[PDB]
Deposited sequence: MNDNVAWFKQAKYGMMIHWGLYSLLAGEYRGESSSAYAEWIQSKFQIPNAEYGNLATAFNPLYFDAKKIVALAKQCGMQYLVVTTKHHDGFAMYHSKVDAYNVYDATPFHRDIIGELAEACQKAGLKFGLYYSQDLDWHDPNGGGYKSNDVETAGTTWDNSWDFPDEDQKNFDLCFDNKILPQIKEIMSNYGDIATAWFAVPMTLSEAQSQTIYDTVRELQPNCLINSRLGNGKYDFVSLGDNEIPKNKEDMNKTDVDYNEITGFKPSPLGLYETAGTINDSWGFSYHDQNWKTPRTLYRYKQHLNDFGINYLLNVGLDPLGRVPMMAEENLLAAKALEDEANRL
């Protein structure tokens, strides 16, 4: 596991958020999502029957793994993270365990995680996966239902509309049958997984948390794990905005951000960070040994938004200018 040497010096990665939310793109029956377009289902409490129907329209003719990695590489990014399955519970890979996925439910009929994994392999880009182990709005017993006190980017953390029998919910039925099986799948196919990115535990017991830790280590021996899974059970610390100038034993650090203000594609969110904002931030994080993980929200046709692409390239140009200074 030389992953430690490479990660301390990697400096820069691309993150991709993509799913059904990208097609609504922050808009519903004349109204805006919150800041988080990928949260749109919770914001408006969209029934699974309706929300799920987007799968029939998901036909991104312009999705192109080859082209995306070329762009990333040109900007000097050394690794790539992708949404394998977000809060909405729609798998972006061909899951044996669950047919609610890009491959089975959509005209596209293709493995999003796969095509990117290969392209990355060939380009010499490391390949990471993101997975939402706790919230899952598709599963009757999804997590979140005891932590509804805290405010969210939607309404409740859990699917409180389709499944309102709050007391009769049991996350375990969800954990054993979907989360752990799906985690097993993604950690086994698509080759070497360099980085593992989990969502924020609210409900997953330490037992359940420990299980995932163990599962990943045996399946992907060299895979570095983000501090989010569970206390004691990680390799690099994910830093949040206010953690920017808990303990990291390998000396490995990452902060994730987006270029505009949303993680998922949002038509109306044109508040793109300037090239200079992008470059300066990277410089500051890197000098503090913190890696910068920069998100692209793919558009409905599978394209990097024009303004996202432009701004990334200018920050790279600025960087080169400045580093020959």
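Residues of the deposited sequence lacking C-alpha coordinates, counted from 1, fall in the stretches 1, 247-265.
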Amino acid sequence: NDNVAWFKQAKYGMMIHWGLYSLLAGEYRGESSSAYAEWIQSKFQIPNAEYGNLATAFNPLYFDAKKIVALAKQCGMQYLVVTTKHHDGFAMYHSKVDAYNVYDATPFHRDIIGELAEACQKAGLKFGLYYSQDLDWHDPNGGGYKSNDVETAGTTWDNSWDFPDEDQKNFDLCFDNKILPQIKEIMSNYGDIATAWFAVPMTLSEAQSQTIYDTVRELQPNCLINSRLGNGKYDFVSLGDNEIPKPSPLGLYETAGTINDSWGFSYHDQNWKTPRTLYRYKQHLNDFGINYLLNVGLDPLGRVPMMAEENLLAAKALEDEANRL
From here on, numbers count along this sequence of modelled residues.
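Mean CA temperature factor is higher for 166-174 when stretches 149-157 and 166-174 are set side by side in the entry. As listed in the deposited structure, the average C-alpha B-factor of 67-75 and of 98-106 is greater for 98-106.
Based on the entry's C-alpha B-factors, the most elevated value among 34, 260, 45, 286 belongs to 45.
For residue 50, the recorded CA B-factor ranks within the highest third of the chain. Only modelled residues enter the ranking.
Ranked by Cα temperature factor within the chain, residue 56 sits in the highest third according to the deposited record. Residue-level temperature factors show residue 254 in the lowest third of its chain, judged at the C-alpha atom. The PDB entry assigns residue 142 a C-alpha temperature factor belonging to the highest third of its chain's modelled residues. In the deposited entry, the Cα temperature factor of residue 80 sits in the bottom third of values across the chain's modelled residues.
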